[PDB]
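*Asks:* The following file, data-v2.txt, comprises compact mmCIF, N, CA and C atoms and all ligand atoms:
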# COMPACT_ATOMS: atom_id res chain seq x y z
N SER A 42 3.21 27.77 5.83
CA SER A 42 2.14 27.13 6.68
C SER A 42 0.70 27.24 6.15
N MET A 43 0.45 28.10 5.16
CA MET A 43 -0.88 28.25 4.53
C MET A 43 -1.02 27.19 3.43
N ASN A 44 -2.26 26.91 3.03
CA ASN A 44 -2.51 26.03 1.89
C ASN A 44 -2.44 26.84 0.59
N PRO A 45 -1.86 26.25 -0.44
CA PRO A 45 -1.85 26.82 -1.78
C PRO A 45 -3.21 26.58 -2.43
N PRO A 46 -3.48 27.29 -3.51
CA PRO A 46 -4.60 26.92 -4.36
C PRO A 46 -4.47 25.43 -4.74
N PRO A 47 -5.58 24.73 -4.86
CA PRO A 47 -5.51 23.35 -5.31
C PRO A 47 -5.10 23.24 -6.76
N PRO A 48 -4.71 22.02 -7.21
CA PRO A 48 -4.39 21.88 -8.61
C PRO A 48 -5.61 22.16 -9.49
N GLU A 49 -5.35 22.57 -10.72
CA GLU A 49 -6.43 22.85 -11.66
C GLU A 49 -7.24 21.57 -11.95
N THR A 50 -8.58 21.66 -11.98
CA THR A 50 -9.45 20.58 -12.44
C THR A 50 -10.36 21.00 -13.63
N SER A 51 -10.24 22.26 -14.02
CA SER A 51 -11.05 22.83 -15.10
C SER A 51 -10.21 23.80 -15.89
N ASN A 52 -10.24 23.68 -17.21
CA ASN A 52 -9.58 24.63 -18.09
C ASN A 52 -10.17 24.53 -19.50
N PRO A 53 -11.14 25.41 -19.83
CA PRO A 53 -11.86 25.25 -21.09
C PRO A 53 -11.02 25.28 -22.35
N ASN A 54 -9.86 25.93 -22.27
CA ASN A 54 -8.98 25.99 -23.44
C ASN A 54 -8.00 24.83 -23.54
N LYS A 55 -7.98 23.94 -22.56
CA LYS A 55 -7.18 22.71 -22.68
C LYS A 55 -7.96 21.69 -23.48
N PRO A 56 -7.37 21.17 -24.58
CA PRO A 56 -8.16 20.23 -25.38
C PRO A 56 -8.29 18.90 -24.63
N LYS A 57 -9.42 18.24 -24.84
CA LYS A 57 -9.83 17.12 -24.03
C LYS A 57 -10.18 15.95 -24.90
N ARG A 58 -10.03 14.73 -24.37
CA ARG A 58 -10.66 13.56 -24.99
C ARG A 58 -11.27 12.66 -23.95
N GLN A 59 -12.17 11.81 -24.42
CA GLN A 59 -12.73 10.70 -23.65
C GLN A 59 -12.33 9.44 -24.41
N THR A 60 -11.23 8.81 -23.98
CA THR A 60 -10.69 7.59 -24.61
C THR A 60 -11.07 6.34 -23.79
N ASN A 61 -11.04 5.17 -24.41
CA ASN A 61 -11.32 3.94 -23.64
C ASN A 61 -10.32 3.75 -22.47
N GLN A 62 -9.06 4.17 -22.65
CA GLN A 62 -8.05 4.07 -21.61
C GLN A 62 -8.41 5.02 -20.46
N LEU A 63 -8.84 6.24 -20.81
CA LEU A 63 -9.28 7.16 -19.76
C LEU A 63 -10.54 6.66 -19.02
N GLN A 64 -11.46 6.04 -19.76
CA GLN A 64 -12.66 5.48 -19.14
C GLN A 64 -12.25 4.38 -18.16
N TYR A 65 -11.24 3.59 -18.55
CA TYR A 65 -10.70 2.55 -17.65
C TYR A 65 -10.07 3.16 -16.39
N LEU A 66 -9.32 4.23 -16.59
CA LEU A 66 -8.75 4.94 -15.46
C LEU A 66 -9.78 5.40 -14.44
N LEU A 67 -10.99 5.78 -14.89
CA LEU A 67 -12.04 6.19 -13.98
C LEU A 67 -12.78 4.99 -13.39
N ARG A 68 -13.26 4.13 -14.27
CA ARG A 68 -14.20 3.05 -13.91
C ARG A 68 -13.54 1.88 -13.17
N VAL A 69 -12.25 1.66 -13.43
CA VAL A 69 -11.50 0.57 -12.80
C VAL A 69 -10.48 1.17 -11.83
N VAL A 70 -9.53 1.98 -12.32
CA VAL A 70 -8.41 2.35 -11.46
C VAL A 70 -8.83 3.26 -10.31
N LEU A 71 -9.41 4.42 -10.60
CA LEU A 71 -9.83 5.35 -9.57
C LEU A 71 -10.87 4.70 -8.65
N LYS A 72 -11.88 4.04 -9.21
CA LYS A 72 -12.95 3.44 -8.42
C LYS A 72 -12.36 2.42 -7.43
N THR A 73 -11.39 1.63 -7.89
CA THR A 73 -10.78 0.59 -7.03
C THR A 73 -10.02 1.24 -5.86
N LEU A 74 -9.19 2.24 -6.16
CA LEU A 74 -8.40 2.89 -5.11
C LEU A 74 -9.31 3.68 -4.16
N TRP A 75 -10.36 4.30 -4.70
CA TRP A 75 -11.17 5.23 -3.90
C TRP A 75 -11.94 4.51 -2.77
N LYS A 76 -12.40 3.29 -3.09
CA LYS A 76 -13.18 2.50 -2.16
C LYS A 76 -12.35 1.77 -1.10
N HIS A 77 -11.03 1.76 -1.26
CA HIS A 77 -10.15 1.01 -0.38
C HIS A 77 -10.17 1.62 1.04
N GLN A 78 -10.03 0.76 2.05
CA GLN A 78 -9.98 1.21 3.46
C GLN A 78 -8.87 2.23 3.77
N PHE A 79 -7.81 2.29 2.95
CA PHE A 79 -6.70 3.24 3.13
C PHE A 79 -6.78 4.50 2.25
N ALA A 80 -7.88 4.67 1.52
CA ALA A 80 -8.01 5.80 0.57
C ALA A 80 -8.11 7.15 1.25
N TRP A 81 -8.72 7.18 2.43
CA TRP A 81 -9.18 8.46 3.00
C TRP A 81 -8.14 9.61 3.07
N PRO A 82 -6.85 9.35 3.42
CA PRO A 82 -5.90 10.48 3.47
C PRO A 82 -5.59 11.08 2.12
N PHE A 83 -5.92 10.33 1.07
CA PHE A 83 -5.61 10.65 -0.31
C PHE A 83 -6.82 11.17 -1.13
N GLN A 84 -7.99 11.31 -0.50
CA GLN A 84 -9.21 11.68 -1.24
C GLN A 84 -9.42 13.17 -1.43
N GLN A 85 -8.50 13.97 -0.93
CA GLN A 85 -8.57 15.45 -1.06
C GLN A 85 -7.16 16.00 -0.90
N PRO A 86 -6.91 17.22 -1.38
CA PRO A 86 -5.61 17.86 -1.13
C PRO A 86 -5.18 17.84 0.34
N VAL A 87 -3.88 17.77 0.57
CA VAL A 87 -3.34 17.86 1.94
C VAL A 87 -3.70 19.22 2.52
N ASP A 88 -4.40 19.21 3.66
CA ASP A 88 -4.75 20.45 4.38
C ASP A 88 -3.68 20.65 5.42
N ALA A 89 -2.65 21.41 5.04
CA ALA A 89 -1.49 21.61 5.88
C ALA A 89 -1.81 22.37 7.16
N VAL A 90 -2.87 23.15 7.13
CA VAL A 90 -3.32 23.89 8.32
C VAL A 90 -3.99 22.96 9.31
N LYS A 91 -5.03 22.25 8.87
CA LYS A 91 -5.68 21.24 9.71
C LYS A 91 -4.72 20.17 10.28
N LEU A 92 -3.82 19.64 9.45
CA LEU A 92 -2.86 18.62 9.87
C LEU A 92 -1.64 19.20 10.62
N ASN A 93 -1.55 20.52 10.70
CA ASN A 93 -0.41 21.22 11.32
C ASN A 93 0.89 20.73 10.73
N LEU A 94 1.00 20.88 9.41
CA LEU A 94 2.20 20.46 8.69
C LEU A 94 2.68 21.69 7.91
N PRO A 95 3.20 22.71 8.62
CA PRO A 95 3.44 23.98 7.95
C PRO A 95 4.55 23.87 6.91
N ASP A 96 5.40 22.84 7.00
CA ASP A 96 6.40 22.59 5.97
C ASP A 96 5.98 21.74 4.75
N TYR A 97 4.73 21.27 4.70
CA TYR A 97 4.33 20.33 3.66
C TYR A 97 4.56 20.93 2.26
N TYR A 98 4.06 22.14 2.07
CA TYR A 98 4.13 22.79 0.76
C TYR A 98 5.44 23.55 0.50
N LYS A 99 6.35 23.56 1.48
CA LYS A 99 7.77 23.90 1.26
C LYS A 99 8.50 22.77 0.55
N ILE A 100 8.11 21.54 0.88
CA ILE A 100 8.76 20.34 0.39
C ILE A 100 8.08 19.81 -0.86
N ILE A 101 6.75 19.84 -0.88
CA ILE A 101 5.96 19.30 -1.99
C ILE A 101 5.45 20.42 -2.89
N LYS A 102 6.10 20.55 -4.05
CA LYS A 102 5.82 21.63 -5.01
C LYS A 102 4.89 21.20 -6.16
N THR A 103 4.57 19.91 -6.26
CA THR A 103 3.65 19.43 -7.27
C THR A 103 2.63 18.53 -6.58
N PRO A 104 1.72 19.13 -5.79
CA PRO A 104 0.77 18.38 -4.97
C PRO A 104 -0.21 17.66 -5.87
N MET A 105 -0.60 16.48 -5.45
CA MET A 105 -1.64 15.73 -6.16
C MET A 105 -2.38 14.79 -5.22
N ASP A 106 -3.65 14.55 -5.50
CA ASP A 106 -4.49 13.73 -4.61
C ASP A 106 -5.58 13.09 -5.45
N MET A 107 -6.27 12.06 -4.93
CA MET A 107 -7.29 11.39 -5.73
C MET A 107 -8.57 12.22 -5.89
N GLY A 108 -8.83 13.16 -4.98
CA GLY A 108 -9.99 14.06 -5.17
C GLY A 108 -9.84 14.85 -6.46
N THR A 109 -8.66 15.41 -6.62
CA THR A 109 -8.25 16.16 -7.83
C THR A 109 -8.34 15.25 -9.07
N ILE A 110 -7.77 14.06 -8.97
CA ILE A 110 -7.80 13.11 -10.06
C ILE A 110 -9.26 12.73 -10.43
N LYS A 111 -10.07 12.47 -9.42
CA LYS A 111 -11.51 12.14 -9.61
C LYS A 111 -12.23 13.25 -10.36
N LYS A 112 -11.99 14.50 -9.94
CA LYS A 112 -12.55 15.69 -10.61
C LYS A 112 -12.05 15.80 -12.06
N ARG A 113 -10.75 15.61 -12.26
CA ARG A 113 -10.21 15.66 -13.61
C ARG A 113 -10.89 14.60 -14.53
N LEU A 114 -11.05 13.38 -14.04
CA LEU A 114 -11.61 12.31 -14.84
C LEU A 114 -13.09 12.61 -15.12
N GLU A 115 -13.85 12.97 -14.09
CA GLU A 115 -15.26 13.28 -14.24
C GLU A 115 -15.49 14.50 -15.13
N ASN A 116 -14.57 15.47 -15.12
CA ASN A 116 -14.69 16.68 -15.92
C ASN A 116 -14.00 16.54 -17.27
N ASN A 117 -13.58 15.32 -17.65
CA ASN A 117 -12.84 15.07 -18.91
C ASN A 117 -11.72 16.08 -19.15
N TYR A 118 -10.86 16.22 -18.15
CA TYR A 118 -9.77 17.21 -18.15
C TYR A 118 -8.58 16.77 -18.96
N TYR A 119 -8.38 15.46 -19.08
CA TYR A 119 -7.21 14.92 -19.73
C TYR A 119 -7.34 14.76 -21.26
N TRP A 120 -6.19 14.81 -21.93
CA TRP A 120 -6.04 14.32 -23.31
C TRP A 120 -5.72 12.83 -23.43
N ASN A 121 -4.90 12.30 -22.52
CA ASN A 121 -4.46 10.94 -22.65
C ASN A 121 -4.30 10.28 -21.28
N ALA A 122 -4.22 8.95 -21.30
CA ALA A 122 -4.09 8.16 -20.09
C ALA A 122 -2.80 8.46 -19.37
N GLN A 123 -1.71 8.73 -20.10
CA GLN A 123 -0.37 9.04 -19.51
C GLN A 123 -0.46 10.20 -18.51
N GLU A 124 -1.19 11.24 -18.90
CA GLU A 124 -1.38 12.41 -18.01
C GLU A 124 -1.96 12.00 -16.67
N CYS A 125 -2.95 11.14 -16.73
CA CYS A 125 -3.66 10.70 -15.52
C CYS A 125 -2.80 9.75 -14.67
N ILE A 126 -2.18 8.78 -15.35
CA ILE A 126 -1.15 7.94 -14.72
C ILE A 126 -0.06 8.75 -14.00
N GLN A 127 0.46 9.80 -14.65
CA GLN A 127 1.44 10.69 -14.03
C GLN A 127 0.87 11.29 -12.72
N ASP A 128 -0.40 11.70 -12.74
CA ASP A 128 -1.04 12.26 -11.51
C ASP A 128 -1.01 11.28 -10.34
N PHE A 129 -1.39 10.02 -10.59
CA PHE A 129 -1.32 8.99 -9.53
C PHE A 129 0.12 8.82 -9.06
N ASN A 130 1.04 8.70 -9.99
CA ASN A 130 2.44 8.56 -9.60
C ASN A 130 3.01 9.73 -8.80
N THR A 131 2.59 10.94 -9.15
CA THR A 131 2.95 12.14 -8.39
C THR A 131 2.44 12.02 -6.97
N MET A 132 1.15 11.66 -6.81
CA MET A 132 0.59 11.48 -5.51
C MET A 132 1.40 10.51 -4.67
N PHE A 133 1.70 9.33 -5.21
CA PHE A 133 2.48 8.37 -4.44
C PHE A 133 3.85 8.90 -4.05
N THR A 134 4.57 9.45 -5.02
CA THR A 134 5.92 9.96 -4.84
C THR A 134 5.96 11.05 -3.81
N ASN A 135 5.00 11.98 -3.88
CA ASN A 135 4.91 13.00 -2.84
C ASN A 135 4.86 12.42 -1.44
N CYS A 136 4.05 11.38 -1.28
CA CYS A 136 3.92 10.71 0.00
C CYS A 136 5.25 10.15 0.49
N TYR A 137 5.98 9.50 -0.41
CA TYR A 137 7.24 8.88 -0.07
C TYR A 137 8.32 9.93 0.20
N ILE A 138 8.29 11.03 -0.56
CA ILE A 138 9.18 12.17 -0.34
C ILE A 138 8.97 12.79 1.03
N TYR A 139 7.72 13.09 1.39
CA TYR A 139 7.43 13.87 2.60
C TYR A 139 7.59 13.06 3.88
N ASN A 140 7.18 11.81 3.84
CA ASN A 140 7.08 10.96 5.04
C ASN A 140 8.30 10.05 5.22
N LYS A 141 8.34 9.33 6.34
CA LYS A 141 9.48 8.43 6.63
C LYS A 141 9.05 7.00 6.35
N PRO A 142 10.01 6.13 5.95
CA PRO A 142 9.70 4.74 5.69
C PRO A 142 8.96 4.12 6.86
N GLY A 143 7.95 3.32 6.55
CA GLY A 143 7.21 2.61 7.59
C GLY A 143 6.22 3.44 8.38
N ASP A 144 6.13 4.75 8.14
CA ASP A 144 5.02 5.51 8.71
C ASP A 144 3.73 4.90 8.20
N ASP A 145 2.67 4.95 9.00
CA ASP A 145 1.33 4.50 8.55
C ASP A 145 0.98 5.07 7.17
N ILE A 146 1.18 6.38 6.97
CA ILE A 146 0.71 7.00 5.73
C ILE A 146 1.44 6.36 4.52
N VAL A 147 2.70 6.00 4.72
CA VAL A 147 3.51 5.35 3.68
C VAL A 147 3.03 3.92 3.40
N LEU A 148 2.69 3.14 4.43
CA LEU A 148 2.07 1.81 4.26
C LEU A 148 0.73 1.86 3.48
N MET A 149 -0.03 2.93 3.75
CA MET A 149 -1.31 3.19 3.07
C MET A 149 -1.08 3.46 1.61
N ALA A 150 -0.17 4.38 1.31
CA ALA A 150 0.21 4.65 -0.10
C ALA A 150 0.74 3.41 -0.83
N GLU A 151 1.56 2.62 -0.14
CA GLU A 151 2.11 1.41 -0.74
C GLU A 151 1.03 0.40 -1.12
N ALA A 152 0.01 0.24 -0.26
CA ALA A 152 -1.11 -0.63 -0.57
C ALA A 152 -1.89 -0.13 -1.77
N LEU A 153 -2.14 1.18 -1.81
CA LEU A 153 -2.88 1.76 -2.93
C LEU A 153 -2.08 1.61 -4.24
N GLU A 154 -0.77 1.87 -4.13
CA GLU A 154 0.13 1.78 -5.27
C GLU A 154 0.21 0.36 -5.82
N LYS A 155 0.22 -0.65 -4.94
CA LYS A 155 0.24 -2.05 -5.42
C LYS A 155 -0.96 -2.34 -6.30
N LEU A 156 -2.13 -1.90 -5.83
CA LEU A 156 -3.38 -2.06 -6.58
C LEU A 156 -3.35 -1.28 -7.87
N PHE A 157 -2.90 -0.04 -7.79
CA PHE A 157 -2.72 0.78 -8.97
C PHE A 157 -1.87 0.08 -10.04
N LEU A 158 -0.72 -0.43 -9.63
CA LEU A 158 0.15 -1.14 -10.57
C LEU A 158 -0.54 -2.36 -11.21
N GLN A 159 -1.31 -3.07 -10.40
CA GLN A 159 -2.02 -4.23 -10.92
C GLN A 159 -3.06 -3.86 -11.94
N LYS A 160 -3.78 -2.76 -11.69
CA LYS A 160 -4.78 -2.31 -12.68
C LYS A 160 -4.15 -1.74 -13.96
N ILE A 161 -3.08 -0.94 -13.82
CA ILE A 161 -2.43 -0.33 -14.98
C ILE A 161 -1.76 -1.40 -15.88
N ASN A 162 -1.32 -2.50 -15.27
CA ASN A 162 -0.80 -3.68 -16.00
C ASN A 162 -1.83 -4.16 -17.03
N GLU A 163 -3.12 -3.98 -16.74
CA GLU A 163 -4.18 -4.40 -17.66
C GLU A 163 -4.91 -3.24 -18.37
N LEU A 164 -4.24 -2.10 -18.48
CA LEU A 164 -4.78 -0.97 -19.23
C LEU A 164 -5.10 -1.47 -20.63
N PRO A 165 -6.34 -1.23 -21.10
CA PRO A 165 -6.72 -1.76 -22.42
C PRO A 165 -5.95 -1.09 -23.55
N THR A 166 -5.78 -1.82 -24.65
CA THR A 166 -5.19 -1.24 -25.84
C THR A 166 -6.14 -0.15 -26.33
N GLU A 167 -5.55 0.93 -26.79
CA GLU A 167 -6.30 2.06 -27.31
C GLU A 167 -7.20 1.62 -28.48
N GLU A 168 -8.42 2.15 -28.55
CA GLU A 168 -9.39 1.74 -29.58
C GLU A 168 -9.11 2.40 -30.92
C1 LIG A 201 -1.44 12.61 1.48
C2 LIG A 201 -0.47 11.85 2.35
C3 LIG A 201 0.54 12.80 3.05
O1 LIG A 201 1.72 12.74 2.72
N1 LIG A 201 0.18 13.57 4.07
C4 LIG A 201 1.23 14.33 4.79
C5 LIG A 201 1.58 13.52 6.05
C6 LIG A 201 0.29 13.05 6.71
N2 LIG A 201 0.11 12.55 7.93
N3 LIG A 201 -1.10 12.31 8.09
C7 LIG A 201 -1.85 12.59 7.02
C8 LIG A 201 -3.25 12.50 6.87
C9 LIG A 201 -3.99 11.60 7.63
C10 LIG A 201 -5.39 11.60 7.49
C11 LIG A 201 -6.10 12.46 6.66
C12 LIG A 201 -5.38 13.37 5.92
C13 LIG A 201 -3.97 13.38 6.04
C14 LIG A 201 -0.95 13.08 6.09
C15 LIG A 201 -1.18 13.58 4.67
Translate this file's structure into structure tokens.

*Replies:*
Amino acid sequence: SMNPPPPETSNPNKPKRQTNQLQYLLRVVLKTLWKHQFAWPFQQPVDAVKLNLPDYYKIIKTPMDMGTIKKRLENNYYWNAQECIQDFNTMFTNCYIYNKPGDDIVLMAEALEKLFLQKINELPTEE
């Protein structure tokens, strides 16, 4: 029923890059999803205490959210676009795992995911 530490957003010994694909992930993909009317439940880690979801972190062992992703991108945490793409996919999958089909939260994730897929379809070729 307690919240775990959030995912890491800083690690000085992890090697980093700033690639055109990663810049796209921040400037197009994250920015597009973040501004959406359905973004709000996804803009920070799940607060299992506030939401009274004491089983959330029993079920979800690889938590991810766009606040974390935003921090990672702004802090140049990633080596490659795949890492960041995996984070978005983890976030969506967690939602689908934890919740029931047709719940509001699932409809919200599905809308965000549709947009995500459309933007990733146009991920620029690496420079
Ligand atoms: C991040 C989406 C998720 O799976 N959550 C667990 C189930 C759930 N129900 N309601 C929410 C939620 C709504 C608004 C703000 C934060 C979380 C959530 C968060």

*Asks:* In Å, rounded to a single decimal, give me how far atom C of residue 102 of chain A is from atom N of residue 77 of chain A.

*Replies:*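 Value for the atom N of residue 77 of chain A-atom C of residue 102 of chain A distance: 25.6 Å.
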
*Asks:* For residue 76 of chain A, which residue among A:153, A:90, A:49, A:95 is the nearest when counting only C-alpha atoms?

*Replies:*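 Among the listed residues, the smallest separation from residue 76 of chain A belongs to A:153.
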
*Asks:* Could you give me, as a CSV table (one decimal) with N, CA and C atoms, in the frame of the given file, each residue of chain A that DSSP assigns to alpha helix (DSSP H) when run on this structure's backbone?

*Replies:*
chain,number,residue,atom,x,y,z
A,61,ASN,N,-11.0,5.2,-24.4
A,61,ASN,CA,-11.3,3.9,-23.6
A,61,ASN,C,-10.3,3.8,-22.5
A,62,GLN,N,-9.1,4.2,-22.6
A,62,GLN,CA,-8.0,4.1,-21.6
A,62,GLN,C,-8.4,5.0,-20.5
A,63,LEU,N,-8.8,6.2,-20.8
A,63,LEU,CA,-9.3,7.2,-19.8
A,63,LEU,C,-10.5,6.7,-19.0
A,64,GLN,N,-11.5,6.0,-19.8
A,64,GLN,CA,-12.7,5.5,-19.1
A,64,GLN,C,-12.2,4.4,-18.2
A,65,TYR,N,-11.2,3.6,-18.6
A,65,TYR,CA,-10.7,2.6,-17.6
A,65,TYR,C,-10.1,3.2,-16.4
A,72,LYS,N,-11.9,4.0,-9.2
A,72,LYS,CA,-13.0,3.4,-8.4
A,72,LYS,C,-12.4,2.4,-7.4
A,73,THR,N,-11.4,1.6,-7.9
A,73,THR,CA,-10.8,0.6,-7.0
A,73,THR,C,-10.0,1.2,-5.9
A,74,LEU,N,-9.2,2.2,-6.2
A,74,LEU,CA,-8.4,2.9,-5.1
A,74,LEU,C,-9.3,3.7,-4.2
A,75,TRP,N,-10.4,4.3,-4.7
A,75,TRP,CA,-11.2,5.2,-3.9
A,75,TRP,C,-11.9,4.5,-2.8
A,97,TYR,N,4.7,21.3,4.7
A,97,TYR,CA,4.3,20.3,3.7
A,97,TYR,C,4.6,20.9,2.3
A,98,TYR,N,4.1,22.1,2.1
A,98,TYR,CA,4.1,22.8,0.8
A,98,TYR,C,5.4,23.6,0.5
A,99,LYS,N,6.4,23.6,1.5
A,99,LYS,CA,7.8,23.9,1.3
A,99,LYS,C,8.5,22.8,0.6
A,100,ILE,N,8.1,21.5,0.9
A,100,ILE,CA,8.8,20.3,0.4
A,100,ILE,C,8.1,19.8,-0.9
A,107,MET,N,-6.3,12.1,-4.9
A,107,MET,CA,-7.3,11.4,-5.7
A,107,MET,C,-8.6,12.2,-5.9
A,108,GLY,N,-8.8,13.2,-5.0
A,108,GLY,CA,-10.0,14.1,-5.2
A,108,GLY,C,-9.8,14.8,-6.5
A,109,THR,N,-8.7,15.4,-6.6
A,109,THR,CA,-8.2,16.2,-7.8
A,109,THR,C,-8.3,15.2,-9.1
A,110,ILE,N,-7.8,14.1,-9.0
A,110,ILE,CA,-7.8,13.1,-10.1
A,110,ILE,C,-9.3,12.7,-10.4
A,111,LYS,N,-10.1,12.5,-9.4
A,111,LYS,CA,-11.5,12.1,-9.6
A,111,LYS,C,-12.2,13.2,-10.4
A,112,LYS,N,-12.0,14.5,-9.9
A,112,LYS,CA,-12.6,15.7,-10.6
A,112,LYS,C,-12.0,15.8,-12.1
A,113,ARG,N,-10.8,15.6,-12.3
A,113,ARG,CA,-10.2,15.7,-13.6
A,113,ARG,C,-10.9,14.6,-14.5
A,114,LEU,N,-11.0,13.4,-14.0
A,114,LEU,CA,-11.6,12.3,-14.8
A,114,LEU,C,-13.1,12.6,-15.1
A,115,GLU,N,-13.8,13.0,-14.1
A,115,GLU,CA,-15.3,13.3,-14.2
A,115,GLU,C,-15.5,14.5,-15.1
A,122,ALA,N,-4.2,9.0,-21.3
A,122,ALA,CA,-4.1,8.2,-20.1
A,122,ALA,C,-2.8,8.5,-19.4
A,123,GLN,N,-1.7,8.7,-20.1
A,123,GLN,CA,-0.4,9.0,-19.5
A,123,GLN,C,-0.5,10.2,-18.5
A,124,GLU,N,-1.2,11.2,-18.9
A,124,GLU,CA,-1.4,12.4,-18.0
A,124,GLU,C,-2.0,12.0,-16.7
A,125,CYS,N,-3.0,11.1,-16.7
A,125,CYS,CA,-3.7,10.7,-15.5
A,125,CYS,C,-2.8,9.8,-14.7
A,126,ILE,N,-2.2,8.8,-15.4
A,126,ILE,CA,-1.2,7.9,-14.7
A,126,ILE,C,-0.1,8.8,-14.0
A,127,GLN,N,0.5,9.8,-14.6
A,127,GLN,CA,1.4,10.7,-14.0
A,127,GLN,C,0.9,11.3,-12.7
A,128,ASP,N,-0.4,11.7,-12.7
A,128,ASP,CA,-1.0,12.3,-11.5
A,128,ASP,C,-1.0,11.3,-10.3
A,129,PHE,N,-1.4,10.0,-10.6
A,129,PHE,CA,-1.3,9.0,-9.5
A,129,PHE,C,0.1,8.8,-9.1
A,130,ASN,N,1.0,8.7,-10.0
A,130,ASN,CA,2.4,8.6,-9.6
A,130,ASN,C,3.0,9.7,-8.8
A,131,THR,N,2.6,10.9,-9.2
A,131,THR,CA,3.0,12.1,-8.4
A,131,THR,C,2.4,12.0,-7.0
A,132,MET,N,1.2,11.7,-6.8
A,132,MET,CA,0.6,11.5,-5.5
A,132,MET,C,1.4,10.5,-4.7
A,133,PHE,N,1.7,9.3,-5.2
A,133,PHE,CA,2.5,8.4,-4.4
A,133,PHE,C,3.8,8.9,-4.0
A,134,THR,N,4.6,9.4,-5.0
A,134,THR,CA,5.9,10.0,-4.8
A,134,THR,C,6.0,11.0,-3.8
A,135,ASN,N,5.0,12.0,-3.9
A,135,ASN,CA,4.9,13.0,-2.8
A,135,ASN,C,4.9,12.4,-1.4
A,136,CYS,N,4.0,11.4,-1.3
A,136,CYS,CA,3.9,10.7,0.0
A,136,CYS,C,5.2,10.2,0.5
A,137,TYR,N,6.0,9.5,-0.4
A,137,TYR,CA,7.2,8.9,-0.1
A,137,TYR,C,8.3,9.9,0.2
A,138,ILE,N,8.3,11.0,-0.6
A,138,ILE,CA,9.2,12.2,-0.3
A,138,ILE,C,9.0,12.8,1.0
A,139,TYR,N,7.7,13.1,1.4
A,139,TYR,CA,7.4,13.9,2.6
A,139,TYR,C,7.6,13.1,3.9
A,145,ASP,N,2.7,5.0,9.0
A,145,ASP,CA,1.3,4.5,8.6
A,145,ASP,C,1.0,5.1,7.2
A,146,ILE,N,1.2,6.4,7.0
A,146,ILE,CA,0.7,7.0,5.7
A,146,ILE,C,1.4,6.4,4.5
A,147,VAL,N,2.7,6.0,4.7
A,147,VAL,CA,3.5,5.4,3.7
A,147,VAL,C,3.0,3.9,3.4
A,148,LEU,N,2.7,3.1,4.4
A,148,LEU,CA,2.1,1.8,4.3
A,148,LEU,C,0.7,1.9,3.5
A,149,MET,N,0.0,2.9,3.8
A,149,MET,CA,-1.3,3.2,3.1
A,149,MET,C,-1.1,3.5,1.6
A,150,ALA,N,-0.2,4.4,1.3
A,150,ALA,CA,0.2,4.6,-0.1
A,150,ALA,C,0.7,3.4,-0.8
A,151,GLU,N,1.6,2.6,-0.1
A,151,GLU,CA,2.1,1.4,-0.7
A,151,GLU,C,1.0,0.4,-1.1
A,152,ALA,N,0.0,0.2,-0.3
A,152,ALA,CA,-1.1,-0.6,-0.6
A,152,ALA,C,-1.9,-0.1,-1.8
A,153,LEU,N,-2.1,1.2,-1.8
A,153,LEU,CA,-2.9,1.8,-2.9
A,153,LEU,C,-2.1,1.6,-4.2
A,154,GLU,N,-0.8,1.9,-4.1
A,154,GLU,CA,0.1,1.8,-5.3
A,154,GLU,C,0.2,0.4,-5.8
A,155,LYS,N,0.2,-0.6,-4.9
A,155,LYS,CA,0.2,-2.0,-5.4
A,155,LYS,C,-1.0,-2.3,-6.3
A,156,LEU,N,-2.1,-1.9,-5.8
A,156,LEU,CA,-3.4,-2.1,-6.6
A,156,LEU,C,-3.4,-1.3,-7.9
A,157,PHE,N,-2.9,0.0,-7.8
A,157,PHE,CA,-2.7,0.8,-9.0
A,157,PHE,C,-1.9,0.1,-10.0
A,158,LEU,N,-0.7,-0.4,-9.6
A,158,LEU,CA,0.2,-1.1,-10.6
A,158,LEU,C,-0.5,-2.4,-11.2
A,159,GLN,N,-1.3,-3.1,-10.4
A,159,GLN,CA,-2.0,-4.2,-10.9
A,159,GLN,C,-3.1,-3.9,-11.9
A,160,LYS,N,-3.8,-2.8,-11.7
A,160,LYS,CA,-4.8,-2.3,-12.7
A,160,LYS,C,-4.2,-1.7,-14.0
A,161,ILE,N,-3.1,-0.9,-13.8
A,161,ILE,CA,-2.4,-0.3,-15.0
A,161,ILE,C,-1.8,-1.4,-15.9

*Asks:* Between A:56, A:62, A:46, A:51, single out the one closest to residue 163 of chain A, counting only C-alpha atoms.

*Replies:*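 Checking each of A:56, A:62, A:46, A:51 against residue 163 of chain A, counting only C-alpha atoms, the winner is A:62.
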
*Asks:* Can you list, as a PyMOL selection string, every protein, DNA or RNA residue that comes within 10 Å of residue 154 of chain A when you count only C-alpha atoms, leaving out same-chain residues fewer than 6 positions away?

*Replies:* chain A and resi 74+129-130+132-133+148+160

*Asks:* One decimal, in Å: what's the spacing between atom N of residue 111 of chain A and atom N of residue 166 of chain A?

*Replies:*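 Atom-to-atom, atom N of residue 111 of chain A to atom N of residue 166 of chain A, that is 21.3 Å.
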
*Asks:* I'd like the interatomic distance between atom CA of residue 52 of chain A and atom CA of residue 123 of chain A, to a tenth of an Å.

*Replies:*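 Atom CA of residue 123 of chain A lies 18.2 Å from atom CA of residue 52 of chain A.
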
*Asks:* Show me, as JSON, the centre and edge lengths in Å to one decimal of the axis-aligned box that covers every listed atom of segment 94-113 of chain A with 3 Å on each side.

*Replies:*
{"center_x": -1.9, "center_y": 17.7, "center_z": -2.6, "size_x": 27.3, "size_y": 18.6, "size_z": 29.9}

*Asks:* Taking all atoms listed in the file into account, name the residue in A:116, A:157, A:131, A:75 that is nearest to residue 103 of chain A.

*Replies:* A:131

*Asks:* Ranking A:107, A:63, A:161, A:152 by minimum distance to residue 120 of chain A and counting all atoms listed in the file, which one comes first?

*Replies:*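 Of all the options, A:63 lies closest to residue 120 of chain A.
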
*Asks:* From the set A:126, A:43, A:158, A:101, which residue has the shortest atom-to-atom contact distance to residue 113 of chain A, counting only C-alpha atoms?

*Replies:* A:126

*Asks:* When distances are computed from all atoms listed in the file, which of A:109, A:61, A:127, A:117 shows the smallest separation from residue 168 of chain A?

*Replies:*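 Nearest to residue 168 of chain A: A:61.
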